[PDB]
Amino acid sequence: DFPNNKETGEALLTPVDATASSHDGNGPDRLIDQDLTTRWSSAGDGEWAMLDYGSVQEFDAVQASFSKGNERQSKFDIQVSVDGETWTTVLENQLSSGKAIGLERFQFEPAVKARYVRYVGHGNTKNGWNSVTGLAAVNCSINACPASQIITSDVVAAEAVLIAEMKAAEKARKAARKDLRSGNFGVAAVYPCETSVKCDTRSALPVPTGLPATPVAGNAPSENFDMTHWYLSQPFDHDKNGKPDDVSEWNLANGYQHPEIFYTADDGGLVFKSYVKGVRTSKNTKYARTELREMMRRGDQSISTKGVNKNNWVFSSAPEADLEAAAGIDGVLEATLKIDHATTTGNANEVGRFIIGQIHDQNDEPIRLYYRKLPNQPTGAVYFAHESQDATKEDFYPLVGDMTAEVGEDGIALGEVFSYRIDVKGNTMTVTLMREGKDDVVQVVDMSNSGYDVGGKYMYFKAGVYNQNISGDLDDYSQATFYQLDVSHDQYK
């Protein structure tokens, strides 16, 4: 019904903003990126995505491309507004073709004035998902409105060629990732105990008493920080055993550094870099880490790494025999760090996410503390998870934002120094996030019914960068620089 459409015309306007009532990670920016492989996805009738053109224009159609658009028909209305507050329906009870993944036009008359155009979804012919790979408002008196956006047999036939191309590109992308879980990369740095130091692994290391109150340039990590109570897991595998290369307390405490992934910065800070690629700690782990694991045996390798023993602590809520057997009771981990870079590649639900502190027992995590920055947010979020009742329950707690990381300017920027404290006393865990010039944020977790005090559970702290992105490019990475890493425990009486 539109005799007057043109094959070519003026370029479409760039919206100044794309927003949405809700989404699952896959946000409304993905409507305007001229990319069929990305989508805005949102579940529920009446959820919307809105384009702001920044000023009032005349429009008479929209063009839209649909996720899985050759498998089901999407149901929707289109509304417009001049003021952004009240909405006029211009297209009602629309149904996509069900036959194509490309752009399809939905056109009306007369043209209307609008600054804002929104897609209101009513799910699809199979389920409740509103999933749209492209949306733009069009004025067919000035822009291209091509016949190829009315879905006929020839358009569907051309798409078979496009889909085959896209499938081939997908297989090529997969082939490029073949070395994902491999540790074959990185220079080799010296292990002190194998080269320059005779390490007495029958004995605990000396307690380092020199340490400067703030880290100094030119010091090894062990001269700026107490490294005697950690081992480091590195995501490369130079001894070819299929596992990370671990750096024992005796090597760490004697000045170990690796110039790519664990080293003293020009300003003294301790840098941890974690690529997406790397050998992982086990089959059941999806992600690489460059991360320290607490070792209260402090280099006395006669003491086993695992167990309620003199290498691990327990909560003071644990049975008496555990309190006495453990190396200490309760615990505080306090760190100061900045985030240098967060992954910017990968799927919408993983990109920019990693973990900067943990408590673990043999199986589960009393806490995992996350930072996450999205590529299109100017700052990042910090939040945590608490697993409970043998990990059959998991609860997320915000500190500065949450796992969605939609913090705008209100989060923690790259390069911004901040501190955290994780303080366990019995079945209470207090997590504090401290920032310069701002009030502390404090979350108290009641672990009463969490099951960490039953008996037999041993604990250790972790700190560093544990990636939570596997889908990103293999060389993409997250990096943090620490200025404080202080661990404390109480003693059994």
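We number the residues from 1 along the sequence you see.
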{"query": "Comparing 91-99 with 143-151, the one whose average Cα B-factor in the PDB entry is higher", "finding": "143-151"}
{"query": "Mean C-alpha B-factor comparison - 153-161 and 379-387, higher one", "finding": "153-161"}
{"query": "Out of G183, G328, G357, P215, highest CA B-factor residue", "finding": "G183"}
{"query": "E249, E294, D361, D179, ranked by C-alpha B-factor: the highest one", "finding": "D179"}
{"query": "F66, C-alpha B-factor rank within chain (lowest, middle or highest third)", "finding": "lowest"}
{"query": "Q34 CA temperature factor, ranked by third within the chain", "finding": "highest"}
{"query": "Ranked C-alpha temperature factor of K462 among modelled chain residues, by third", "finding": "lowest"}
{"query": "Assigned third (lowest, middle, highest) for the C-alpha B factor of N127", "finding": "highest"}
{"query": "Third of chain Cα B-factors occupied by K283", "finding": "highest"}
